[PDB]
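Remarks on the structure that follows.
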Amino acid sequence: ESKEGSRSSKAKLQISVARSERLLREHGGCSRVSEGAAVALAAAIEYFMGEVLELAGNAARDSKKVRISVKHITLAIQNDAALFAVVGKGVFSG
Amino acid sequence: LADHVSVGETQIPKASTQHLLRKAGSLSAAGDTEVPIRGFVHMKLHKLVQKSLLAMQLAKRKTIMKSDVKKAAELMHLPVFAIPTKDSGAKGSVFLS
Amino acid sequence: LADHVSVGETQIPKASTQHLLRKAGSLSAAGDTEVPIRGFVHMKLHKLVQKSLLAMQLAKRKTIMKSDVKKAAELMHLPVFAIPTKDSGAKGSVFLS
Amino acid sequence: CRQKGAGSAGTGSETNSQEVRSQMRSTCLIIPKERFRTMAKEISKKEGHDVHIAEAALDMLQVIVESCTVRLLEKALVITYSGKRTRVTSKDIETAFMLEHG
Amino acid sequence: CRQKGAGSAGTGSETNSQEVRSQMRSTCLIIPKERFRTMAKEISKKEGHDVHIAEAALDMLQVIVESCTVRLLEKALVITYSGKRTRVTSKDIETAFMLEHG
Amino acid sequence: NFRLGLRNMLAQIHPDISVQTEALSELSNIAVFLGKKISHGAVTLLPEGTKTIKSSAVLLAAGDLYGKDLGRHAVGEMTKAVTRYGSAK
DNA sequence: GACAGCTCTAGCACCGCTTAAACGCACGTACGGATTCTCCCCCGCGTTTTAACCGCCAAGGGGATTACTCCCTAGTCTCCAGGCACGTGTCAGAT
DNA sequence: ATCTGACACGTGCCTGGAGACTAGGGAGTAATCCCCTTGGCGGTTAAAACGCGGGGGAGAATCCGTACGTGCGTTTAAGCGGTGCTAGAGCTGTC
């Protein structure tokens, strides 16, 4: 019961809950999606992209550059053994 | 790989085959390495086009768009984070040569 | 693999690790082969149980049945065709020892 | 191998060269059930106490494990023969596992 | 590499040792765009005659091929280094392909 | 896509660091594919009897995909976000 | 969803020109193959300890099953403002 | 030092995003039946671990032919760029 803001502002999340619910509901997995699953999915994406952005920013700062590029995002992934296992099968742009 | 190359078709140039080994960190390359390299690039493009063409046939189109390749990429259970938008080609992009 | 085996917990007997090699067709096995083989099975069992526990926990049960492991098996994109039934292990089966 | 019914190829301190020929003719699992049940309950006990394991779930857990373990050891044998060697060493299995996860 | 405004980071002719460090710093693809389009239309001619290929589709097709080829060769380098050799041969690449598909 | 959400996170963490436009599109495609893997994991872990996805389904799906230290810290952040949302409805 | 028709973004082609780049060739040096020798450790066989597995037993813990109750979420209507495209300044970074 | 053109910024808006009943279904809870799981005990006894000569595989050292790094020049074609054309995507409106 707080009408001053959106779903992301109510949960204090920067990832939009409405877009994360659209991914979950329109994935063709199930007929019904609860309200709590939408907030939980947005928080899971938000925490670990904060992990990637923290490692990419430190990698970019160590390279004396103020703009995060593709190579800085790539170099941050294999520098963390736990992060690399999630997206090891992904194509990191050549 | 071994016999996926056929005489009569355009193939990857020999110096481009050696540059693939340099990006993998290989310090020395054999002279017979150009044959499995040319086969594997030819095999992966044959696999990618074949999946993408039947994605085009079902949608009743005649041009392979970026959505048909993307659906062909996820059909092999291979996630692709390189999605070329209209802003591609800017500076040091991953889609350039 | 190398450090997935720990003292204090039960592991595969030494002779059964050599039997796993002979099923693969190896003729000669080194003396320090038991440690990686014990590590891989203990890793694969730890992977399978961890997926199976959460499937059981979410269904509010307390016993890991055949449906929980089946959801655990194909969650790792591994198709399994040896699904046991009530007639399993009859004369010579894929489930006997 | 030690259970009832059938599935055993050959016994009696059978030699190593004959063991490869015999093991391709059998169909039973080669890890004991009691040691596998003790192993399976021990992994669960570290994370959740008082977990019962079904008998049908035990058989299908063991079938997946050996099929992944034998598949790794077949890949380890290829690297051993690629190095012009006939003896599988510790480094060959580590290389075989590294080539698919890493 | 030959595309305008690309981060090639290579300066003309280089030695083999300097080519490894230069290629680890660049981000551009290393197959020319014209010959990749020629190959892309040629294979599609065997199934569907007169099929146009979009420029956006060509970039995504080339990126997938580059990442899959480099991943195979990094795996092919491991087999070469496991055999106490420093020269990647044709057998090493075919072994690396066979260890994942076959 | 998650372009604006991921840009606002970078301002909170590193106030003096910007992001390439091409890098932002790749980070957005990570977010979509991370959403797909968790949601597909949550559908798999559901029993055959149940048909809806609750918060407990996404919590256990994140634990399976994310190993060791990341998985334990995931559940703490997800639960704290749900309880904050459950009191400010 | 198939079909028809109008609109217009974009893919093909080509010519000029450039020019970075690929191919070929001669020189030379490092390296994998061949050979011999030696070490050491693993297969083969005998013995002994030990634990996996039969049958068969029993108690009982929790999986199915059914019935009741009620939490909430797809659906429909209404309202609104926030992110996205278009266009433009200007400074981060390559040279 | 000097571009430059890609990113940050300002504007229009309309379609995404949020708020308020509704009710019907699916989730949760509780009692009850009994199926299947744990524990184990006598005995087996086949398999597992242990120990001891003995030979074959791996490692080390030496030698060398030949296949690959490497300058150098010649040769071929990839790409800017601009142009123009038009095949064909996108969207609308039935039925």
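Identifiers in this document derive from the order of the structure tokens: chains are assigned A, B, ..., residues are numbered from 1 separately in each chain, and ligands are numbered from 1 in order of occurrence.
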Hey, could you lay chain B over chain C with a least-squares C-alpha fit (all atoms, paired in order) and save it as a PDB file with C-alpha atoms, in the first residue's frame?
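Saved as part_0.pdb:
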ATOM      1  CA  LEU B   1      38.604 -33.600  -9.513  1.00  0.00           C
ATOM      2  CA  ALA B   2      41.932 -32.544  -8.019  1.00  0.00           C
ATOM      3  CA  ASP B   3      40.703 -31.501  -4.557  1.00  0.00           C
ATOM      4  CA  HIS B   4      37.034 -32.493  -4.473  1.00  0.00           C
ATOM      5  CA  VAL B   5      37.789 -35.418  -2.133  1.00  0.00           C
ATOM      6  CA  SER B   6      38.023 -34.776   1.616  1.00  0.00           C
ATOM      7  CA  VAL B   7      39.231 -37.057   4.400  1.00  0.00           C
ATOM      8  CA  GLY B   8      36.318 -38.140   6.577  1.00  0.00           C
ATOM      9  CA  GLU B   9      33.802 -39.072   3.885  1.00  0.00           C
ATOM     10  CA  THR B  10      33.098 -42.435   2.281  1.00  0.00           C
ATOM     11  CA  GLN B  11      34.472 -42.685  -1.255  1.00  0.00           C
ATOM     12  CA  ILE B  12      34.575 -45.048  -4.239  1.00  0.00           C
ATOM     13  CA  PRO B  13      36.772 -48.130  -3.613  1.00  0.00           C
ATOM     14  CA  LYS B  14      40.068 -48.395  -5.469  1.00  0.00           C
ATOM     15  CA  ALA B  15      39.187 -51.558  -7.409  1.00  0.00           C
ATOM     16  CA  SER B  16      35.960 -49.907  -8.580  1.00  0.00           C
ATOM     17  CA  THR B  17      38.025 -46.979  -9.859  1.00  0.00           C
ATOM     18  CA  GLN B  18      40.065 -49.364 -12.013  1.00  0.00           C
ATOM     19  CA  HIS B  19      36.952 -51.059 -13.414  1.00  0.00           C
ATOM     20  CA  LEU B  20      35.836 -47.658 -14.717  1.00  0.00           C
ATOM     21  CA  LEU B  21      39.015 -47.474 -16.798  1.00  0.00           C
ATOM     22  CA  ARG B  22      38.467 -50.982 -18.178  1.00  0.00           C
ATOM     23  CA  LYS B  23      35.022 -50.059 -19.506  1.00  0.00           C
ATOM     24  CA  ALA B  24      36.608 -47.070 -21.280  1.00  0.00           C
ATOM     25  CA  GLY B  25      39.024 -49.376 -23.116  1.00  0.00           C
ATOM     26  CA  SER B  26      42.211 -48.321 -21.306  1.00  0.00           C
ATOM     27  CA  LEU B  27      44.867 -51.036 -21.333  1.00  0.00           C
ATOM     28  CA  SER B  28      47.175 -49.450 -18.732  1.00  0.00           C
ATOM     29  CA  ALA B  29      46.306 -47.372 -15.662  1.00  0.00           C
ATOM     30  CA  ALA B  30      48.515 -45.145 -13.537  1.00  0.00           C
ATOM     31  CA  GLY B  31      48.657 -45.464  -9.762  1.00  0.00           C
ATOM     32  CA  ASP B  32      47.661 -41.831  -9.178  1.00  0.00           C
ATOM     33  CA  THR B  33      44.461 -42.221 -11.222  1.00  0.00           C
ATOM     34  CA  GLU B  34      42.294 -43.060  -8.191  1.00  0.00           C
ATOM     35  CA  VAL B  35      42.316 -39.420  -7.042  1.00  0.00           C
ATOM     36  CA  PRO B  36      40.698 -37.715 -10.094  1.00  0.00           C
ATOM     37  CA  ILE B  37      38.257 -40.625 -10.437  1.00  0.00           C
ATOM     38  CA  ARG B  38      37.082 -40.308  -6.830  1.00  0.00           C
ATOM     39  CA  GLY B  39      36.732 -36.554  -7.268  1.00  0.00           C
ATOM     40  CA  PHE B  40      34.638 -36.717 -10.436  1.00  0.00           C
ATOM     41  CA  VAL B  41      32.160 -39.296  -9.126  1.00  0.00           C
ATOM     42  CA  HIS B  42      31.909 -37.217  -5.946  1.00  0.00           C
ATOM     43  CA  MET B  43      31.452 -34.035  -7.996  1.00  0.00           C
ATOM     44  CA  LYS B  44      28.722 -35.437 -10.247  1.00  0.00           C
ATOM     45  CA  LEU B  45      26.785 -36.843  -7.289  1.00  0.00           C
ATOM     46  CA  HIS B  46      27.146 -33.521  -5.452  1.00  0.00           C
ATOM     47  CA  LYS B  47      25.739 -31.776  -8.525  1.00  0.00           C
ATOM     48  CA  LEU B  48      22.911 -34.300  -8.936  1.00  0.00           C
ATOM     49  CA  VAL B  49      21.825 -34.249  -5.280  1.00  0.00           C
ATOM     50  CA  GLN B  50      21.931 -30.438  -5.008  1.00  0.00           C
ATOM     51  CA  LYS B  51      19.581 -29.958  -7.969  1.00  0.00           C
ATOM     52  CA  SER B  52      17.306 -32.772  -6.780  1.00  0.00           C
ATOM     53  CA  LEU B  53      17.015 -31.511  -3.188  1.00  0.00           C
ATOM     54  CA  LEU B  54      15.608 -28.123  -4.205  1.00  0.00           C
ATOM     55  CA  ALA B  55      13.171 -29.960  -6.461  1.00  0.00           C
ATOM     56  CA  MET B  56      12.043 -31.789  -3.317  1.00  0.00           C
ATOM     57  CA  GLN B  57      11.797 -28.607  -1.224  1.00  0.00           C
ATOM     58  CA  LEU B  58       9.458 -26.883  -3.683  1.00  0.00           C
ATOM     59  CA  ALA B  59       7.136 -29.917  -3.760  1.00  0.00           C
ATOM     60  CA  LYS B  60       7.092 -30.053   0.090  1.00  0.00           C
ATOM     61  CA  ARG B  61       8.263 -33.670   0.348  1.00  0.00           C
ATOM     62  CA  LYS B  62      10.891 -35.397   2.482  1.00  0.00           C
ATOM     63  CA  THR B  63      11.919 -38.338   0.254  1.00  0.00           C
ATOM     64  CA  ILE B  64      13.821 -37.960  -3.010  1.00  0.00           C
ATOM     65  CA  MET B  65      11.608 -39.743  -5.536  1.00  0.00           C
ATOM     66  CA  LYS B  66      12.404 -40.693  -9.119  1.00  0.00           C
ATOM     67  CA  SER B  67      10.633 -37.592 -10.448  1.00  0.00           C
ATOM     68  CA  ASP B  68      12.944 -35.247  -8.525  1.00  0.00           C
ATOM     69  CA  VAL B  69      16.049 -36.898  -9.991  1.00  0.00           C
ATOM     70  CA  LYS B  70      14.470 -36.860 -13.466  1.00  0.00           C
ATOM     71  CA  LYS B  71      13.786 -33.123 -13.205  1.00  0.00           C
ATOM     72  CA  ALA B  72      17.358 -32.677 -11.981  1.00  0.00           C
ATOM     73  CA  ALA B  73      18.595 -34.640 -15.007  1.00  0.00           C
ATOM     74  CA  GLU B  74      16.714 -32.486 -17.532  1.00  0.00           C
ATOM     75  CA  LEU B  75      17.809 -29.293 -15.752  1.00  0.00           C
ATOM     76  CA  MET B  76      21.415 -29.985 -16.831  1.00  0.00           C
ATOM     77  CA  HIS B  77      20.134 -30.516 -20.422  1.00  0.00           C
ATOM     78  CA  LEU B  78      21.128 -34.198 -20.219  1.00  0.00           C
ATOM     79  CA  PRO B  79      18.463 -36.579 -21.580  1.00  0.00           C
ATOM     80  CA  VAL B  80      18.064 -39.861 -19.695  1.00  0.00           C
ATOM     81  CA  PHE B  81      16.430 -42.882 -21.336  1.00  0.00           C
ATOM     82  CA  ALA B  82      16.875 -45.094 -18.240  1.00  0.00           C
ATOM     83  CA  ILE B  83      13.612 -44.759 -16.303  1.00  0.00           C
ATOM     84  CA  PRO B  84      13.297 -47.415 -13.564  1.00  0.00           C
ATOM     85  CA  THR B  85       9.728 -48.698 -13.343  1.00  0.00           C
ATOM     86  CA  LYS B  86       8.247 -51.314 -10.998  1.00  0.00           C
ATOM     87  CA  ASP B  87       9.468 -54.132 -13.285  1.00  0.00           C
ATOM     88  CA  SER B  88      13.126 -53.136 -12.803  1.00  0.00           C
ATOM     89  CA  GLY B  89      15.557 -55.697 -11.437  1.00  0.00           C
ATOM     90  CA  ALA B  90      14.444 -58.534 -13.700  1.00  0.00           C
ATOM     91  CA  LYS B  91      17.470 -60.095 -15.431  1.00  0.00           C
ATOM     92  CA  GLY B  92      20.643 -58.413 -16.658  1.00  0.00           C
ATOM     93  CA  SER B  93      19.124 -55.010 -15.991  1.00  0.00           C
ATOM     94  CA  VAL B  94      21.068 -51.786 -16.409  1.00  0.00           C
ATOM     95  CA  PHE B  95      20.194 -50.662 -12.868  1.00  0.00           C
ATOM     96  CA  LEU B  96      21.927 -53.603 -11.157  1.00  0.00           C
ATOM     97  CA  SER B  97      25.466 -53.922  -9.813  1.00  0.00           C
TER      98      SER B  97
END
Polymer residues at most 7 Å from segment 68-77 of chain F, only C-alpha atoms (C1' of nucleotides), same-chain spacing of 4 or more positions, as a list in words: residues 44 of chain A; 59, 62, 63 and 81 of chain F
Within 10 Å of chain B, which residues of chain H are there when counting only C-alpha atoms (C1' of nucleotides)? Please give them as a CSV table (one decimal) with C-alpha atoms (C1' of nucleotides), in the first residue's frame.
chain,number,residue,atom,x,y,z
H,5,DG,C1',32.0,11.3,-34.5
H,6,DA,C1',30.0,8.9,-30.8
H,67,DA,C1',59.5,-28.0,-42.2
H,68,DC,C1',58.5,-23.5,-40.6
H,69,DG,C1',59.9,-18.4,-38.9
H,87,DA,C1',13.5,-6.6,-55.0
H,88,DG,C1',11.3,-7.1,-51.3
H,89,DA,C1',10.2,-6.0,-45.9
With a cut-off of 10 Å, could you pull out the residues of chain F touching chain C and give me the nearest pair of atoms for each, distance in Å to one decimal, using only C-alpha atoms, ordered by chain and ascending number, as CSV?
residue,atom,partner,partner_atom,distance
F:40,CA,C:75,CA,8.9
F:41,CA,C:75,CA,6.9
F:42,CA,C:55,CA,9.8
F:44,CA,C:71,CA,6.3
F:45,CA,C:55,CA,5.3
F:46,CA,C:55,CA,7.2
F:47,CA,C:59,CA,6.4
F:48,CA,C:67,CA,9.4
F:49,CA,C:59,CA,9.4
F:50,CA,C:59,CA,9.0
F:56,CA,C:58,CA,7.3
F:57,CA,C:58,CA,7.1
F:59,CA,C:54,CA,9.9
F:60,CA,C:54,CA,6.3
F:61,CA,C:54,CA,8.3
F:63,CA,C:54,CA,8.7
F:64,CA,C:51,CA,6.3
F:65,CA,C:51,CA,9.5
Convert the current residue selection to file output with N, CA and C atoms, as an mmCIF file, in the first residue's frame.
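Dumped everything to selection-v4.cif:
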data_model
loop_
_atom_site.group_PDB
_atom_site.id
_atom_site.type_symbol
_atom_site.label_atom_id
_atom_site.label_comp_id
_atom_site.auth_asym_id
_atom_site.auth_seq_id
_atom_site.Cartn_x
_atom_site.Cartn_y
_atom_site.Cartn_z
ATOM 1 N N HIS F 40 13.305 -20.526 -17.087
ATOM 2 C CA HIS F 40 13.230 -21.905 -17.558
ATOM 3 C C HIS F 40 13.619 -22.881 -16.457
ATOM 4 N N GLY F 41 14.551 -22.482 -15.591
ATOM 5 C CA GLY F 41 14.870 -23.301 -14.433
ATOM 6 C C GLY F 41 13.729 -23.373 -13.437
ATOM 7 N N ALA F 42 12.973 -22.281 -13.301
ATOM 8 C CA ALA F 42 11.854 -22.266 -12.362
ATOM 9 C C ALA F 42 10.692 -23.109 -12.872
ATOM 10 N N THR F 44 11.040 -25.798 -14.795
ATOM 11 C CA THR F 44 11.481 -27.182 -14.647
ATOM 12 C C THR F 44 11.309 -27.679 -13.214
ATOM 13 N N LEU F 45 11.680 -26.858 -12.229
ATOM 14 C CA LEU F 45 11.655 -27.288 -10.837
ATOM 15 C C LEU F 45 10.250 -27.366 -10.252
ATOM 16 N N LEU F 46 9.243 -26.850 -10.948
ATOM 17 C CA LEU F 46 7.875 -26.927 -10.459
ATOM 18 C C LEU F 46 7.368 -28.366 -10.527
ATOM 19 N N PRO F 47 6.533 -28.796 -9.583
ATOM 20 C CA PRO F 47 5.894 -30.110 -9.710
ATOM 21 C C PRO F 47 4.858 -30.107 -10.823
ATOM 22 N N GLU F 48 4.448 -31.311 -11.230
ATOM 23 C CA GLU F 48 3.456 -31.433 -12.292
ATOM 24 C C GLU F 48 2.083 -30.960 -11.829
ATOM 25 N N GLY F 49 1.788 -31.107 -10.536
ATOM 26 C CA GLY F 49 0.498 -30.671 -10.021
ATOM 27 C C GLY F 49 0.316 -29.164 -10.055
ATOM 28 N N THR F 50 1.338 -28.421 -9.641
ATOM 29 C CA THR F 50 1.235 -26.970 -9.592
ATOM 30 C C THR F 50 1.397 -26.366 -10.983
ATOM 31 N N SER F 56 9.062 -18.627 -4.217
ATOM 32 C CA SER F 56 9.935 -19.718 -3.795
ATOM 33 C C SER F 56 10.493 -20.478 -4.992
ATOM 34 N N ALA F 57 9.786 -20.447 -6.124
ATOM 35 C CA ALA F 57 10.283 -21.117 -7.321
ATOM 36 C C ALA F 57 11.480 -20.383 -7.911
ATOM 37 N N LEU F 59 13.466 -18.369 -6.200
ATOM 38 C CA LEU F 59 14.542 -18.419 -5.212
ATOM 39 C C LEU F 59 15.370 -19.692 -5.351
ATOM 40 N N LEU F 60 14.706 -20.834 -5.531
ATOM 41 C CA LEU F 60 15.436 -22.092 -5.648
ATOM 42 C C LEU F 60 16.067 -22.239 -7.027
ATOM 43 N N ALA F 61 15.480 -21.603 -8.044
ATOM 44 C CA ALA F 61 16.065 -21.650 -9.380
ATOM 45 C C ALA F 61 17.362 -20.856 -9.440
ATOM 46 N N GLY F 63 19.391 -20.521 -6.907
ATOM 47 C CA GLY F 63 20.385 -21.291 -6.176
ATOM 48 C C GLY F 63 21.035 -22.373 -7.020
ATOM 49 N N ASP F 64 20.271 -22.966 -7.940
ATOM 50 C CA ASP F 64 20.813 -24.032 -8.775
ATOM 51 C C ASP F 64 21.755 -23.490 -9.841
ATOM 52 N N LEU F 65 21.385 -22.378 -10.479
ATOM 53 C CA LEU F 65 22.192 -21.850 -11.577
ATOM 54 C C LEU F 65 23.469 -21.198 -11.061
#
Members of chain F assigned strand (DSSP E) by DSSP, as a PyMOL selection string: chain F and resi 18-19+52-53
Name the residues in contact with residue 87 of chain F at a cut-off of 12 Å, using only C-alpha atoms (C1' of nucleotides), excluding same-chain residues fewer than 6 positions from it; report them as a tab-separated table (two decimals) with N, CA, C and O atoms, in the first residue's frame.
chain	number	residue	atom	x	y	z
A	1	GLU	N	0.87	-1.18	0.00
A	1	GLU	CA	0.00	0.00	0.00
A	1	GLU	C	0.91	1.24	0.00
A	1	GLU	O	1.23	1.84	1.02
A	2	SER	N	1.41	1.54	-1.20
A	2	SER	CA	2.25	2.72	-1.41
A	2	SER	C	2.14	3.07	-2.90
A	2	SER	O	2.76	2.42	-3.75
A	10	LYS	N	9.00	0.57	-5.38
A	10	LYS	CA	8.49	-0.02	-4.15
A	10	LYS	C	9.48	-1.02	-3.57
A	10	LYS	O	9.67	-1.09	-2.35
A	11	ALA	N	10.11	-1.82	-4.43
A	11	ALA	CA	11.09	-2.80	-3.98
A	11	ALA	C	12.51	-2.25	-3.92
A	11	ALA	O	13.43	-3.00	-3.58
F	80	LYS	N	15.35	-10.35	0.82
F	80	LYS	CA	15.25	-8.99	1.36
F	80	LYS	C	14.45	-8.08	0.43
F	80	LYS	O	13.78	-7.15	0.88
F	81	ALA	N	14.50	-8.35	-0.88
F	81	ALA	CA	13.72	-7.55	-1.83
F	81	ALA	C	12.24	-7.90	-1.74
F	81	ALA	O	11.38	-7.02	-1.89
All residues 12 Å or closer to residue 78 of chain A, only C-alpha atoms (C1' of nucleotides), same chain fewer than 3 positions away omitted, as an MDAnalysis selection string: (chainID A and resid 52 55:56 59 71:75 81:88 92) or (chainID D and resid 102)
Save out the residues we just selected, N, CA, C and O atoms, as a PDB file, in the first residue's frame.
ATOM      1  N   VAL A  52      28.892  -7.669 -12.199  1.00  0.00           N
ATOM      2  CA  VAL A  52      29.599  -7.502 -13.468  1.00  0.00           C
ATOM      3  C   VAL A  52      30.039  -6.054 -13.645  1.00  0.00           C
ATOM      4  O   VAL A  52      31.170  -5.780 -14.067  1.00  0.00           O
ATOM      5  N   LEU A  55      33.086  -5.261 -11.476  1.00  0.00           N
ATOM      6  CA  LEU A  55      34.345  -5.798 -11.984  1.00  0.00           C
ATOM      7  C   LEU A  55      34.763  -5.106 -13.275  1.00  0.00           C
ATOM      8  O   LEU A  55      35.957  -4.911 -13.525  1.00  0.00           O
ATOM      9  N   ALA A  56      33.791  -4.737 -14.116  1.00  0.00           N
ATOM     10  CA  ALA A  56      34.111  -4.040 -15.358  1.00  0.00           C
ATOM     11  C   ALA A  56      34.604  -2.624 -15.087  1.00  0.00           C
ATOM     12  O   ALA A  56      35.502  -2.133 -15.783  1.00  0.00           O
ATOM     13  N   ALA A  59      38.145  -2.878 -13.886  1.00  0.00           N
ATOM     14  CA  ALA A  59      39.010  -3.200 -15.016  1.00  0.00           C
ATOM     15  C   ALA A  59      39.214  -1.991 -15.920  1.00  0.00           C
ATOM     16  O   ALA A  59      40.311  -1.781 -16.450  1.00  0.00           O
ATOM     17  N   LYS A  71      35.699  -4.988 -24.423  1.00  0.00           N
ATOM     18  CA  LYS A  71      36.855  -5.739 -23.942  1.00  0.00           C
ATOM     19  C   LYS A  71      36.952  -5.701 -22.420  1.00  0.00           C
ATOM     20  O   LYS A  71      37.369  -6.682 -21.795  1.00  0.00           O
ATOM     21  N   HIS A  72      36.570  -4.576 -21.807  1.00  0.00           N
ATOM     22  CA  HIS A  72      36.591  -4.485 -20.349  1.00  0.00           C
ATOM     23  C   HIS A  72      35.535  -5.386 -19.721  1.00  0.00           C
ATOM     24  O   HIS A  72      35.761  -5.973 -18.657  1.00  0.00           O
ATOM     25  N   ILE A  73      34.368  -5.497 -20.361  1.00  0.00           N
ATOM     26  CA  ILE A  73      33.350  -6.438 -19.902  1.00  0.00           C
ATOM     27  C   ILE A  73      33.836  -7.870 -20.072  1.00  0.00           C
ATOM     28  O   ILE A  73      33.643  -8.716 -19.191  1.00  0.00           O
ATOM     29  N   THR A  74      34.486  -8.159 -21.201  1.00  0.00           N
ATOM     30  CA  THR A  74      35.015  -9.499 -21.431  1.00  0.00           C
ATOM     31  C   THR A  74      36.119  -9.844 -20.437  1.00  0.00           C
ATOM     32  O   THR A  74      36.123 -10.938 -19.861  1.00  0.00           O
ATOM     33  N   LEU A  75      37.031  -8.899 -20.181  1.00  0.00           N
ATOM     34  CA  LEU A  75      38.178  -9.184 -19.319  1.00  0.00           C
ATOM     35  C   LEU A  75      37.752  -9.365 -17.864  1.00  0.00           C
ATOM     36  O   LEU A  75      38.443 -10.024 -17.079  1.00  0.00           O
ATOM     37  N   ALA A  81      36.177 -16.602 -11.347  1.00  0.00           N
ATOM     38  CA  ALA A  81      35.894 -17.998 -11.666  1.00  0.00           C
ATOM     39  C   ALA A  81      34.416 -18.317 -11.483  1.00  0.00           C
ATOM     40  O   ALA A  81      33.857 -19.155 -12.200  1.00  0.00           O
ATOM     41  N   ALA A  82      33.765 -17.659 -10.524  1.00  0.00           N
ATOM     42  CA  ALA A  82      32.360 -17.945 -10.256  1.00  0.00           C
ATOM     43  C   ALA A  82      31.449 -17.314 -11.305  1.00  0.00           C
ATOM     44  O   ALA A  82      30.408 -17.884 -11.651  1.00  0.00           O
ATOM     45  N   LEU A  83      31.818 -16.138 -11.817  1.00  0.00           N
ATOM     46  CA  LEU A  83      30.991 -15.478 -12.823  1.00  0.00           C
ATOM     47  C   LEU A  83      31.133 -16.141 -14.187  1.00  0.00           C
ATOM     48  O   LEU A  83      30.203 -16.105 -15.001  1.00  0.00           O
ATOM     49  N   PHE A  84      32.293 -16.743 -14.458  1.00  0.00           N
ATOM     50  CA  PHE A  84      32.556 -17.282 -15.789  1.00  0.00           C
ATOM     51  C   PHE A  84      31.741 -18.542 -16.054  1.00  0.00           C
ATOM     52  O   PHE A  84      31.418 -18.848 -17.207  1.00  0.00           O
ATOM     53  N   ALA A  85      31.387 -19.279 -14.998  1.00  0.00           N
ATOM     54  CA  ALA A  85      30.669 -20.538 -15.181  1.00  0.00           C
ATOM     55  C   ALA A  85      29.244 -20.307 -15.676  1.00  0.00           C
ATOM     56  O   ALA A  85      28.672 -21.164 -16.360  1.00  0.00           O
ATOM     57  N   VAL A  86      28.654 -19.162 -15.331  1.00  0.00           N
ATOM     58  CA  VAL A  86      27.288 -18.872 -15.754  1.00  0.00           C
ATOM     59  C   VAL A  86      27.230 -18.583 -17.251  1.00  0.00           C
ATOM     60  O   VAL A  86      26.346 -19.081 -17.958  1.00  0.00           O
ATOM     61  N   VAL A  87      28.173 -17.792 -17.760  1.00  0.00           N
ATOM     62  CA  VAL A  87      28.111 -17.315 -19.139  1.00  0.00           C
ATOM     63  C   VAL A  87      29.317 -17.799 -19.934  1.00  0.00           C
ATOM     64  O   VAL A  87      29.788 -17.110 -20.847  1.00  0.00           O
ATOM     65  N   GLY A  88      29.830 -18.984 -19.595  1.00  0.00           N
ATOM     66  CA  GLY A  88      30.962 -19.536 -20.320  1.00  0.00           C
ATOM     67  C   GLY A  88      30.627 -20.036 -21.707  1.00  0.00           C
ATOM     68  O   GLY A  88      31.502 -20.043 -22.579  1.00  0.00           O
ATOM     69  N   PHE A  92      30.970 -13.933 -26.464  1.00  0.00           N
ATOM     70  CA  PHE A  92      31.366 -12.601 -26.003  1.00  0.00           C
ATOM     71  C   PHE A  92      32.007 -11.816 -27.146  1.00  0.00           C
ATOM     72  O   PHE A  92      33.109 -11.272 -27.034  1.00  0.00           O
TER      73      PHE A  92
ATOM     74  N   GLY D 102      35.915 -25.136 -19.012  1.00  0.00           N
ATOM     75  CA  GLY D 102      37.008 -24.225 -18.726  1.00  0.00           C
ATOM     76  C   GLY D 102      37.464 -23.423 -19.929  1.00  0.00           C
ATOM     77  O   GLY D 102      38.210 -22.454 -19.792  1.00  0.00           O
TER      78      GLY D 102
END
Distance-based interface of chain E with chain G, 9 Å, counting only C-alpha atoms (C1' of nucleotides), as an MDAnalysis selection string: chainID E and resid 2 12 52:55 85:86
Could you make a table, as a tab-separated table, of the residues of chain H that have an atom within 9 Å of an atom of chain A, each with its nearest atom pair and distance in Å to one decimal, counting only C-alpha atoms (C1' of nucleotides), in chain and number order?
residue	atom	partner	partner_atom	distance
H:17	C1'	A:18	CA	7.6
H:18	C1'	A:6	CA	7.4
H:19	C1'	A:3	CA	8.8
Who sits within 12 Å of segment 81-87 of chain G, only C-alpha atoms (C1' of nucleotides), same chain under 4 positions skipped, as a ChimeraX atom specification: /A:5-6,16 /B:86 /F:1-5 /H:9-18
Shell of 12 Å around residue 58 of chain A, only C-alpha atoms (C1' of nucleotides), local chain residues under 5 positions omitted, as a PyMOL selection string: (chain A and resi 51-53+63-68+72-73+75-76+79) or (chain F and resi 10+13-14+16-17)
